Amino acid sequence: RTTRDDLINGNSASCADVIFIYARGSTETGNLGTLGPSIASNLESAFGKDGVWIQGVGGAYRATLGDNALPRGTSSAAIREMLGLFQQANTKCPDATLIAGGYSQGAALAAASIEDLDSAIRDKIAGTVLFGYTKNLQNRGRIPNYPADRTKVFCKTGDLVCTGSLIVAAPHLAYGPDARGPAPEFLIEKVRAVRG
C-alpha cells in the first residue's frame, strides 16, 4: 500500500475525477511512505476507489537525507520529477481536479514544484497538505506562488523542522493521526467545493 502509480499506469480513456500527487519523506519506503497510504484510504472512502487516482513521487526523487540541506530543501531533479507528474495529470486528464501533499523533504518538494508550475496547472490544484514542512518558517507557512486558502500545514509544537532547523525530534514523527483525519478531510473539502 506504500506504492501507488495510478496516474503513470492510468490511461486517458478512463480518467479519475480527482488525482492526488504525494511526495514522501526522506528514507521512506515505496512512493507514499508512512503518511501517504492513510491519506489515500480516506480519499478513496470519500470519492470511491474509481473516483480518485493516487500517485506517489518516485523516479528521480531519491528522498535522500542530504538533499534537505540544499537551498530549496530538495534536489532540482526531484522538483523536475514532481513537475512532470502534475504536467502528466494535466495532459492525460484535463478535466480532473488535482490535489497534492508531502511530508518533510516531500513537503519542500511539493512546495517547490507547485511554485514552478504554470498557473493553468497550478490553478487546478484545489488543495495541498504539508506535514513537518521543512520550509515552514522560511516560507511563512505558505507555498510561494500558491494561495494560502488552498494550503494546510501540519506543523506540531516541538517539530523543529517547522521553526527553521533540520533537527528531527519526536513531534516530527507524530503526523499519523493528522494523515488519517484532518489532512485528507481538507483535501476532500477543497475538491468537493470545486466540483460541486
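In this text, residue numbers run from 1 along the sequence as written.
- Higher mean CA B-factor, judged across 119-127 and 106-114 from the recorded values: 119-127.
- When the two stretches 29-37 and 44-52 are set side by side, the higher mean Cα temperature factor goes to 44-52.
- Annotation for residue 147: C-alpha temperature factor in the highest third relative to the rest of the modelled chain, per the entry.
- Ranked within its chain, residue 84 lands in the middle third, by CA B factor from the PDB record.
- When the modelled residues of the chain are ordered by their C-alpha B factor, residue 60 lands in the middle third.
- Ranked by Cα temperature factor within the chain, residue 164 sits in the highest third according to the deposited record.
- Looking at the C-alpha B-factors along this chain, the one for residue 74 belongs to the lowest third.
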